[PDB]
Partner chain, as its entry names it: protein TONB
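Take a look at this single chain in structure tokens; it is the form solved without its partner chain.
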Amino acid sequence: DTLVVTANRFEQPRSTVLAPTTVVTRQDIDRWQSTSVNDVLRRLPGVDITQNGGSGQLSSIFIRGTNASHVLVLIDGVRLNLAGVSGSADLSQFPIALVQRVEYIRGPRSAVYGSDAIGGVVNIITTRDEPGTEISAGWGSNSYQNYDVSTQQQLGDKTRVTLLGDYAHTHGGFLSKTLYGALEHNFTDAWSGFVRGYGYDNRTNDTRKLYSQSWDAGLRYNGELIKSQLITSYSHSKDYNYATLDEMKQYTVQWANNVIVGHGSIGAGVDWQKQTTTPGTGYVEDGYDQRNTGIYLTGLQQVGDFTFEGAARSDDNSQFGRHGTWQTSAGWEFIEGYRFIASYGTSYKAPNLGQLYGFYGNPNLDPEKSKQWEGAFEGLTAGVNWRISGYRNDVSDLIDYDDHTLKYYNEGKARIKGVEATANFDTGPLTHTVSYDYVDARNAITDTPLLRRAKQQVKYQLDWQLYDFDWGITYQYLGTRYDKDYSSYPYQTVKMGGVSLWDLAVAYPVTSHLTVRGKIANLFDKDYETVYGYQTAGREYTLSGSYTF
């Protein structure tokens, strides 16, 4: 789709966002037959996801060679709570059934959102406008089972309700049960309100029990020139392993405005966050109270063939104090349908609980800091939409353990040089969506490649319909990756060879109300790991259906 909200919080055409952007819709997710968020993200440019096995197991997201803690994940605009204790986003627990849209914008965005937005930003949206009720379910390899009931209806004029329940289970397993309710209200044709509440109960296998609930409420104004939003959020998670218990409550309040001025816009906002942990959470002795407040400004202008886009933010954190970030981009459409874009931006990552207050803690840590430069050419040629970008990311003040003193300090440096190339085009009835990433991510002090990241990836999606059958084939090449073997000491660095992977999916409208679908994932039964030592699934079959009325 064309409109995004994730670049500056407010709706704008993608063509006007100078950073590389990707949008995934629910229609996309339904066709691909993804059974996890990771399976969605894995398909997209610059994404390198590793996982300790199959569904539900611990996983890491490396966007454009950056550390796992250097991606900002938002759910409906607000920092994912599950990232809260460890200070690093893991989506393996977040229910796929709740995903209605993903908006993913690469490059820095601390200047809008604050901490973590270094490699990029991933915004998982849970809202839909899609009247009706749906029942669906599926069955697959490894005793995979799913069923789900969902309904959105009008409760008179101005108010609409959404209700969802979902059960997902797999064995070696992982069991996830989810409930979601939302109420939306139009006071007028410009003033809106919403209240949202959801929660899930996950069990994974040593056993993990994870409870998470989130409540959001807000008010929005959508006028001809002026747009505003006041947004409230509360998330509570309890993560049991066995025993340890990690428990965090996260409080968010944000107020943002934006106005259309000429061929462009200007915006500002204030963003407050409180996180509270329980004693013994995150292997820290005491319970902690962390607070952050940020203020920022955005801008977009089009003059002639040129486009200018920018943001700047000041954050005040209860532990490290004040840190400012900014970014600026310019695009030149030098000939119709072609653009050169140049970008610069700074971003940062806040120290986490363990690093500050754990056994090896240092309460005076400063943030990790990033500087990025990016240049791109984008075009439309002979029916092909394409883009190629080169970026450099210098990361400094990395928080590292010193074995000399058994404490964490700011000191490491990394340098990432990367290339992203993308294209989409049709050939008769066939649709092609392709990307290539080169990622040269290095310790800038030793000049050694960083571990766990593939230097090269190729991803290819091929879609077409013939009789009434909707077919999709997905191809991925995962390049070579260096990792450590933790089965025994000492921990040896190993070299995992590149692998090719293929998936095949089909759908068919049995009626206008009933759609049946099947999928064979890892069609050639390739044996491979994304984390050394941890076996992935192998060839799996899934058969599913959805009935709408």
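The term rigid core refers to the most C-alpha atoms you can superpose between the two forms while keeping them within 1.5 Å. Positions refer to the first chain, counted from 1.
The modelled chain breaks after residue 242 and resumes at residue 243, leaving 10 or more residues of the deposited sequence without coordinates. The stretch of deposited sequence separating residue 205 from residue 206 contains 10 or more residues lacking coordinates in this entry. Remark: stretch with higher mean C-alpha B factor among 22-30 and 486-494 is 486-494. Relative to one another, 80-88 and 97-105 have unequal mean CA B-factors, and 80-88 is the one with the higher figure. Between the residues 137, 111, 225, 399, it is 137 that shows the highest Cα B-factor in the PDB record. For the set 434, 350, 445, 270, the PDB entry assigns the largest Cα B-factor to 445. In this PDB entry, residue 6 carries a Cα temperature factor that places it within the lowest third of its chain's modelled residues. Sort the chain's modelled residues by C-alpha temperature factor and residue 316 lands in the middle third, per the entry.
Per the PDB record, residue ranking by Cα B-factor puts residue 502 in the middle third of the chain. Among all modelled residues in this chain, the alpha-carbon of residue 67 has a temperature factor (C-alpha) in the lowest third. Annotation for residue 460: CA B-factor lies in the lowest third of the chain's modelled residues.
Form solved in complex with its partner chain: not shown, discussed below.
Among the residues 27, 511, 480, 492, the one placing a heavy atom within 4.5 Å of its partner chain in the entry with it bound is 27. The partner is absent here, but in the entry with it bound a heavy atom of 263, alone among 171, 371, 185, 263, sits within 4.5 Å of its partner chain. Its partner chain is not drawn, but in the entry with it bound it has no heavy atom within 4.5 Å of residue 321.
Residue 435 falls outside the set of residues with a heavy atom inside 4.5 Å of its partner chain in the entry with it bound. In the entry with it bound, its partner chain sits within 4.5 Å of a heavy atom belonging to residue 385. Contact between residue 150 and its partner chain in the entry with it bound is not found at the 4.5 Å heavy atom cutoff. None of 269-277, 189-197, 422-430, 105-113 except one has non-hydrogen atoms within 4.5 angstroms of its partner chain in the entry with it bound; the exception is 422-430. In the entry with it bound, the residues of 368-385 lying within 4.5 Å of its partner chain by at least one heavy atom are, in order, 378, 379, 380, 383, 385. A 2 Å or larger CA shift between the shown form and the other one, after fitting on the rigid core, occurs at just one of 82, 311, 414, 231, namely 82. If you fit the rigid core between the shown form and the other one, you'll see the Cα of residue 402 move by 2 angstroms or more. The Cα position of residue 25 differs by less than 2 Å between the shown form and the other one after fitting on the rigid core. A displacement of 2 angstroms or greater separates the C-alpha positions of residue 361 between the shown form and the other one, with the rigid core held in common.
Compared with the form shown, the residue 103-residue 111 C-alpha separation decreases in the entry with it bound, the change being 3 Å or greater. The pair residue 345 and residue 10 is at least 3 angstroms farther apart at the CA level in the entry with it bound than in the present model.
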